[PDB]
2 protein chains.
Amino acid sequence: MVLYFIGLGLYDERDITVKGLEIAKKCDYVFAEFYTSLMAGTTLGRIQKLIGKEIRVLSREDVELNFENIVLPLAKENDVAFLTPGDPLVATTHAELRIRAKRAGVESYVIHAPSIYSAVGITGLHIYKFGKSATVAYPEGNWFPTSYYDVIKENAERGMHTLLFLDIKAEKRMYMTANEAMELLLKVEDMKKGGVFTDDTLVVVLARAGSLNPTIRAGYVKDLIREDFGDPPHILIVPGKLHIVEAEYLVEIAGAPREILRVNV
Amino acid sequence: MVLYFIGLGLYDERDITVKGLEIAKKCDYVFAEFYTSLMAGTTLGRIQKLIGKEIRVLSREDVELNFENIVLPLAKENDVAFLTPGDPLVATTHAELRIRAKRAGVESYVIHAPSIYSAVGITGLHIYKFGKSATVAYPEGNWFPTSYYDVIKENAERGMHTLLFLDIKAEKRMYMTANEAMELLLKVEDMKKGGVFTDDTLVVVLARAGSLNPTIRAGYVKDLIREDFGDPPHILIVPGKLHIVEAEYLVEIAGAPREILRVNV
Ligand SMILES: Nc1ncnc2c1ncn2[C@@H]1O[C@H](CSCC[C@H](N)C(=O)O)[C@@H](O)[C@H]1O
Ligand code: NA
């Protein structure tokens, strides 16, 4: 009679919370999705081992089109768990799954876990200063999407930081790198010429948030576009004007150039 | 000789990540602060009992002025942990403490935990749509804070939602309720008359996120300003233009008036 939406956290199998692990161990069935994101620091096997339950993996279609036929039926007579990387309900289409649950006479509860939305605080940028977020998508054929460029523009105009998620193709396990995202943005700037993203733009790169040894780098595009940030996934952040305290952290912790203390403050 | 910043999560001791627990159990000394937020579902004892360590609670002064004199000295010879509610670097000034660690020659690591910043996803509101955030601070003496009103106005104009952290006076065990925040906002509206926050403004209240049965309510100020949302902590959210699915969730899950389903595109 109960469906538990349980977050797996940021990077590996230990990023799930104590509450989440125990509840998962008490469930009769366990489902999971790895299409919105992937636990780059672990494997399905390790997650299964830690929880001690077999895990039924669901595709994007299984979820969006048949959640009520695959997951909800079982939850009507048992305790069911639905695991997602990060914090449940952050992925924009997940909140609606609780509506489906209610409609099926199934109670649902949410077990939170660390999300990149809050984890980016490790960059030293004040969380309250972040504005609208966007995802950088690869162009395709005749389609050249650039909305993410406008998001950066509207945020920075008001001193707000912009968190940029990078395109990902889970099935094919192909991630977009920060370096690639920067190239794309430089190309979008050359078209809209709005003075939003150039070689002189300051950016921050966060890789492997959640691991004990994440990669936090800050600096100008011209110096980071070819730098090696390590294994995916990467997160790109275009900061707005900085509070001196944020700048001091980027310099001391993310190896940013002293220059930002006078140029971006 | 290392310093670990470890988040405890939203509501109780089980909101700590598995990683956080394992590492905290093997630390020589454990410090913590409980003034930046309220974990309504647990006690120091339970947390100590969980990690199996005595915990020295530090006041805002001990931290902001003597962190390098109380905590860092031990981190040079032992493995020290600093515990905080939610995620340690979210809506706090704790990030700067890492700079102090560096300067004292102490290596530091950050272990995230569920934060209210991502937990807002449980309101049905698309998290990528949130704009700049703010805090509704209690007026003191003749000083009446009002900046948070402009943040709401600025976000709303661009169709972005606004997350409002609520004030806390730890040493007085006082935690601002969404009701109090609403009253303060109406007073500011009367003072500025921008038409930003009135009796007809739709708002969302999330209380005790992290608990199994949080209070999630959405509706017009006039109807919610006096409603009982339960014990703190509370956060108030002023949504911007809603997507149809956000509205459906607010109505089906947060009990919002069916009329909000009719969005003015
Ligand atoms: N479980 C919870 N439910 C509702 N609001 C919460 C909450 N935890 C924190 N808050 C809100 O956030 C304020 C503290 S701000 C500090 C936030 C913390 N580092 C985090 O990561 O969540 C509180 O006064 C309250 O308004
Ligand atoms: Na945000």
# chains A, B, ... in the order shown; residues from 1 in each chain; ligands from 1
>>> interface_residues(of="chain B", to="chain A", cutoff="8 Å", atoms="only C-alpha atoms", output="ChimeraX atom specification")
/B:14-19,87,89-91,95-96,99,109-115,117-119,121-122,124,126-134,160,210,212-213,245,249,252-253
>>> select_by_dssp(residues="region 63-165 of chain B", states="helix (DSSP H, G or I)", output="PyMOL selection string")
chain B and resi 63-70+72-75+95-103+116-123+127-129+147-157
>>> calpha_fit_rmsd(fixed="chain A", moving="chain B")
0.9 Å
>>> atom_distance(atom1="CA of residue 194 (chain A)", atom2="CA of residue 153 (chain A)")
8.3 Å
>>> residues_around(residues="region 256-261 of chain A", least_positions_apart="3", cutoff="7 Å", atoms="only C-alpha atoms", output="list in words")
residues 217, 218, 219, 244, 247, 250, 251, 264 and 265 of chain A
>>> write_last_selection(atoms="N, CA, C and O atoms", output="compact mmCIF listing (two decimals), in the first residue's frame")
# COMPACT_ATOMS: atom_id res chain seq x y z
N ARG A 217 37.21 23.73 -10.15
CA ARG A 217 38.08 24.66 -10.85
C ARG A 217 37.38 25.94 -11.29
O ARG A 217 36.25 25.91 -11.75
N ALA A 218 38.07 27.06 -11.13
CA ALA A 218 37.51 28.35 -11.51
C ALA A 218 38.53 29.16 -12.28
O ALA A 218 39.72 29.16 -11.96
N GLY A 219 38.06 29.87 -13.30
CA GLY A 219 38.96 30.68 -14.10
C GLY A 219 38.27 31.14 -15.35
O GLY A 219 37.09 30.81 -15.59
N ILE A 244 32.97 39.49 -2.53
CA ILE A 244 34.39 39.28 -2.29
C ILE A 244 34.67 37.93 -1.61
O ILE A 244 35.67 37.27 -1.88
N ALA A 247 34.71 35.16 -4.12
CA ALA A 247 35.94 35.24 -4.91
C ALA A 247 37.14 34.69 -4.16
O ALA A 247 37.99 34.02 -4.73
N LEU A 250 36.94 30.89 -4.36
CA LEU A 250 37.34 30.39 -5.67
C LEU A 250 38.86 30.44 -5.84
O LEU A 250 39.45 29.54 -6.44
N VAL A 251 39.49 31.48 -5.30
CA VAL A 251 40.95 31.64 -5.39
C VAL A 251 41.68 30.63 -4.50
O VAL A 251 42.58 29.92 -4.95
N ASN A 264 36.05 40.58 -11.19
CA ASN A 264 34.71 40.04 -11.05
C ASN A 264 34.00 40.32 -9.73
O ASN A 264 32.97 39.71 -9.44
N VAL A 265 34.55 41.23 -8.94
CA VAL A 265 33.97 41.59 -7.65
C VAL A 265 33.38 42.99 -7.75
O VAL A 265 33.59 43.65 -8.80
>>> atom_distance(atom1="CA of residue 81 (chain B)", atom2="CA of residue 1 (chain B)")
10.8 Å
>>> atom_distance(atom1="CA of residue 75 (chain A)", atom2="CA of residue 39 (chain A)")
25.6 Å
>>> select_by_dssp(residues="region 111-171 of chain B", states="strand (DSSP E or B)", output="ChimeraX atom specification")
/B:111,130,134-136,140,143,161-166,168-169
>>> closest_residue(among="B:173, B:26, B:208, B:100", to="ligand 1", atoms="only C-alpha atoms and all ligand atoms")
B:208
